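Asker: pasting the structure only:
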Ligand SMILES: COC1=C(OC)C(=O)C(CC=C(C)C)=C(C)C1=O
Ligand code: SF4
Ligand code: SF4
């Protein structure tokens, strides 16, 4: 068996749970067959038995590093099926917290990558910044992560009176924090070695294996679903996709540090130009009525009672809506009968495709190389296992 | 003797600790020629070191010219051994 | 520079009443700092807030012995703080 | 001199040593792992309390099961629980591991880790707050403090 | 008396060995924006003693493995490391050995076995793979480690570590021979399996002999590593950074030995937090390609510098 | 708009510059400086028992059932808190109290089942079930985590003062 | 709140002004 | 701040100077206030031994011109 | 030469490595002191110098070694 050796489920190196049954001739990897489902939990079947609004919390758990960006994909999908679109302020919010979430994911991906490599100080440096961001989530949603803030018809509640100012102070400084990590890793005489020319993926092969993420962008293919197919108001902002050449672990990394930088450019704008308005559609049909209204107006109570107890009652149809979640293209194919509860909801996980590529990326590579490549794919087993 | 005294205390201190460890808590084919090759190279270098180890006493040798002529030849011929190790996939794991 | 910290360090140490206060506070918290006493709740507890310290540490509670007769001097727990003063400690409300 | 006293004091020492230095072996199944990495992180330093950032399945005093214990991972959890020292403990973290959580009725999720590993402290919350885990780790410390192993030996 | 002089020179080092872990778990902390362990005891001073007691009490599980190549391995690791402090020449040494540096080089070399024996004893794949790689870089680094010393000796005149106190009465051997200091420092980092070069305890890589080692065995190597961490740093502080020696007052030698050893011990702590770990082959690529040609050539320069600069060192 | 993250003469000055970078590890020394710098920064950690990480009014935390100031429990057993719970956590069975009013004989939130979504807080018309601020309710035994009406009502009475302040702060937003 | 000397050691070692973008959030 | 890593170090330093001062005064006590003779080469051992025979049994005792 | 240049900038260890190898192979050949090593070490007196019988007509220092005759190390002095 060429000394087949399970990478093992319990391994600090393996994010979450990954059995990589690997046959290694000494320290060289001949074949990697990743095993999955150590975190399958039924998210796709469970949703069929739940109403649209009570299936929103499942999406936050699908890939919870990127808590909200995932929620936006279901939102968009349910809004399309209803042909309803969120109010202008809600759109900007979703882009505001959409980006904050991208940073959160990249701080996770870059710093956790280093911890497996062996650099441990970048993680503590940026987890403090993460922490500060979580607090935004909490003061907007109530939960540090797993908010449930972005609902199918807009966000749930307007921003607290004062958040924008703090999402500024932080943004005004975060840059230096990214800069520091840099002085520690971008040019380390050693980061480069373990990362450069490891897991190079061709451009044609990346499209073929459905990579669709930084992994494509790192190989030089220019595709950001946020510029190619704008969703929400990511069209009204101006940002630069960080394309890469000589795609390899180091190049893609540089790309993830660059989108952390570009997201600060998008966040700034959102703070500078967020409109006065409502944060949820005015159709009591889709969005729950305000509590003052349901406690004084009969039509609002009836709409509150029916919405919470039964549901949206989406018109029959099916849609595949994909956003640019921090990992890559996150899409929900939501088939829907006229009923208030969905019929199918295949979650396309940027990650099911990326893991598959582990085999075609880590060939003739050492045990340490495999650890570096799992990092450069930002694998969150929640999205892959669903 | 003085060394013997120190060393036996040294073993005693360690044997005491392992024992305490055990007594207190009462309450298949991994082979790569590269690895073997390294070990070998290692001794060829280790044996070479052994030849170089007398150089501190040999510095004071009256000859001097021969000393250096000898020592320089040894270091150069081994280094060439290394050089060929480079040409060969050896040293290239 | 260093002169001031040496001086102000003495203030903190000599601030906790007698030698015992320091040794006590030192052992149960491991942090010595001086702050205005915002309030003392009926369950034995003392609360201090310092504006100068950063957001995470500007409000702290020094727990007291036997707040329900439990010998809490060593085994202090968070829940010991009363529900009324819980939000002040967690910065939910900036009103003591 | 009454040995009984001598015994209690000794036990306490023993309890202080285990309770001050708990080296947690964390699994990070699921997401509640992200909320533990936050504990390890600077706002809420786990180390300050003597909890090491992480250790292997062997040198680990406490196992924190964060996240859904799916049926495939259930045989492993046990293995690793069974591969730890004689003084060992389990802190279940997350509604997904205390009971079944959002995925309780699923066919692939064990309804709780206490069906596969004995659990000592159950930390509640979907992403149990990092402070809450810290509260839970601190309650494990009070649980250990109360344990009186040698006095039962003496009185047995 | 001599016995008392064995307690001192041992206990004192063991107590200091314990305080290094603490100054490691705090200096790494403040570098990473965290206080580190301060809650147990005052400022964490009781923290090292606490886990020592937890480690010894926890079950030393004997795997379903050898039972000797398993218990010999930590005993050997602690015995060699504490033993190598016997000849160290702080002010004047405990057991002055005419061929002292050969004693230190030989005793270090023996520790590679403990890694080999522990890896074979565990009888699990992670352990054997880890041991084979670990043994490889340890002896690979030994080859440059030894040549770097031979260059030094030839400018010192003897193998006795006591001579360097008289060689370095006017200038540190860093000024001359700095190029090797760096190469001694990096090799000291490899031989103590510390960070930049620590693929053995590589966790992401092979979670490795210590894998099956828990409780008392874990501790003994453990203790060994840290004592070594100091010893090798101390050898840097005698061979290359020569502390000022005044024959009238011998302790300013030990006072400065104290200061330089702590700072260079602080440096490998600082190195660990600052750098990612090198790849297994990247590590050997450095020694055999980058350092060994530099060392062998600079070795010849140190047989030539003496002769044509008419500076052949005085034996004795 | 796109950007090239890593898209790219030999002069002694240049080479000598590059060779020094490899030979004396210049960039490695740069990295050490950064960590030495923070060593001097104030640590961000909080004494956990003494100082608490800030949570604003919407924090969901631990379930509680409120009562009217008069003393009549708010819940009127409409049971849509049960309907919208995503995890099936809340179990409610009711019968007309002798007063003739409508009250819940049994209200059981299984906290291990609950995923603290906060929709129950949302759904209640009388707002009887609220997400209380406390997050520290870790329990030695699994049974303690299952909560009946008496524990939640008792939880409600203990934290009513802060719950009222929190709802007071956030109701305009809702 | 750190002596300028110690603070300088920081700025020098870092190569940029952390004083402008501090880790301690303030009012 | 960083003030606190010092406690621990202090106890390391103090435990690394003891050994150097200790070994270098348990020598100047046992050898009669005179540094222990280092006999690297036999000549020195001879001279040392000769000293022993010259007086008492211990070499540290040192007879002078007045003998 | 050109490679030499890049070699100075790429793989800049071997270059230095070889350079030293050579500089150590040259300095000894050309130096105003090389000769002293074999003398300075030759002079160092380790083994007793046994005196010869004075048959007569000899330049050997008789009596006090301080006699002006014989070998001198003033070269070693003021070296
Ligand atoms: C990014 O994904 C990862 C996890 O998922 C949330 C983990 O749980 C863990 C395990 C967490 C600890 C603290 C061991 C790691 C290492 C990880 O990389
Ligand atoms: S409990 Fe809530 S948070 Fe923890 S894992 Fe299950 S879902 Fe993710
Ligand atoms: S909704 Fe509010 S009131 Fe209606 S039952 Fe659930 S809790 Fe009682």
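Answerer: Received it, and whenever you're ready, just let me know what you need. Numbering: from 1, shown residues only, chains lettered A, B, ... in the order given. Ligands and ions are numbered 1, 2, ... in the order given.

Asker: show me what contacts the nearest residue to residue F:48 once chain neighbours are set aside?
Answerer: If the residues on either side of it in the chain are set aside, residue F:48 comes closest to residue D:134, at 5.0 Å by C-beta to C-beta, 6 or more residues apart in numbering or on different chains. All C-beta atoms are positioned from the backbone trio N, CA, C, and that covers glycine. Counting by C-beta atoms under 8 Å, 6 or more residues apart in numbering or on different chains, residue D:134 touches D:39, D:44, D:46, D:49, F:48.

Asker: mind checking which helix or strand residue D:134 is in?
Answerer: helix D:130-146 (DSSP states H and E).

Asker: Now neighbour count and secondary structure too, for the contacts of residue D:134, in CSV please.
Answerer: Shown next, in CSV, are the contacts of residue D:134 (neighbours: other C-beta atoms under 10 Å in any protein chain shown; DSSP: H, G, I helix; E, B strand; the rest coil):
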residue, neighbour count, secondary structure
D:39, 27, helix
D:44, 23, coil
D:46, 26, coil
D:49, 22, helix
F:48, 23, coil
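
Asker: Closest one of those to chain I?
Answerer: Of all the contacts of residue D:134, chain I sits closest to residue D:46, with 42.8 Å by C-beta to the nearest C-beta.

Asker: Surely that closest one and residue D:35 touch.
Answerer: No: Residue D:46 is beyond contact range of residue D:35, at 12.0 Å (criterion: C-beta atoms under 8 Å).

Asker: Please name the nearest non-neighbouring residue to residue B:64.
Answerer: Here the residue nearest residue B:64, using C-beta to C-beta, 6+ apart, is residue I:38, at 4.1 Å.

Asker: Okay, the spatially most central residue of chain B and residue E:145: tell me how far apart.
Answerer: By C-alpha atoms, centre = their mean, chain B has its centre lying nearest to residue B:46, at 5.2 Å. According to C-beta to C-beta, to the nearest Å, residue B:46 stands 11 Å off from residue E:145.

Asker: Name the residues of stretch A:367-379 that are buried.
Answerer: Residues of stretch A:367-379 classed as buried: A:367-379 (neighbour count, 16 or more other C-beta atoms under 10 Å in any protein chain shown).

Asker: do stretch F:80-95 as well
Answerer: Buried residues in stretch F:80-95 (16+ other C-beta under 10 Å): F:80-92, F:94.

Asker: if I pick residue A:10, what's in contact with it?
Answerer: Residue A:10 neighbours (C-beta under 8 Å, 6+ apart): D:25, D:27, D:57, D:76, D:80.

Asker: Which ones among the residues you listed lie within helices?
Answerer: Judged by DSSP state H, the subset of these located in helices is D:76, D:80.

Asker: Widest-spaced pair of the contacts of residue A:10?
Answerer: Farthest-apart pair in those is D:25 and D:76; separation 12.7 Å (C-beta to C-beta).

Asker: More neighbours: these two, which one.
Answerer: residue D:25 (23 against 19; other C-beta atoms under 10 Å in any protein chain shown).

Asker: which ones are touching the more buried one?
Answerer: Residues near residue D:25 by C-beta under 8 Å, 6+ apart: A:10, D:54-57, D:59-60, D:62-64, D:80, D:84.

Asker: Could you list which of those residues belong to strands?
Answerer: Using DSSP state E, D:62-64 are the members of the contacts of residue D:25 that sit in strands.

Asker: Can you report how many residues lie near the closest residue to ligand 1 within chain C?
Answerer: Of all residues in chain C, residue C:56 sits closest to ligand 1, at 21.2 Å by C-beta to the nearest ligand atom. Using other C-beta under 10 Å, residue C:56 has 22 neighbouring residues.

Asker: and the closest residue to residue E:3 other than its chain neighbours, what element?
Answerer: Nearest non-adjacent residue to residue E:3, counting by C-beta to C-beta, 6+ apart: residue B:5, 7.4 Å away. Per DSSP H and E, residue B:5 falls inside helix B:2-23.

Asker: for residue F:105, same thing?
Answerer: strand F:102-110.

Asker: Same question for residue H:44.
Answerer: Going by DSSP H and E, residue H:44 is in helix H:42-54.

Asker: which helices and strands sit right next to that helix?
Answerer: Judged by 3 or more C-beta pairs under 8 Å, 6 or more residues apart in numbering or on different chains; DSSP states H and E, helix H:42-54 is in contact with no other helix or strand.

Asker: Stretch B:42-59 and chain H, any residue contact?
Answerer: No: shown here: stretch B:42-59 not in contact with chain H (C-beta under 8 Å from any C-beta of the partner chain), separated by at least 12.6 Å.

Asker: Return the set of buried residues in that stretch.
Answerer: B:42, B:45, B:48-49, B:52-53, B:55-56, B:58-59.

Asker: May I have the secondary structure class of the residue of chain F found nearest chain C?
Answerer: Closest residue of chain F to chain C, C-beta to the nearest C-beta: residue F:54 (3.5 Å). Under DSSP: H, G, I helix; E, B strand; the rest coil, the three-state class of residue F:54 is coil.

Asker: Could you point out the longest helix of the chain?
Answerer: The chain I'm using is chain A. helix A:88-117.

Asker: ah, I was thinking of chain I
Answerer: helix I:12-26.
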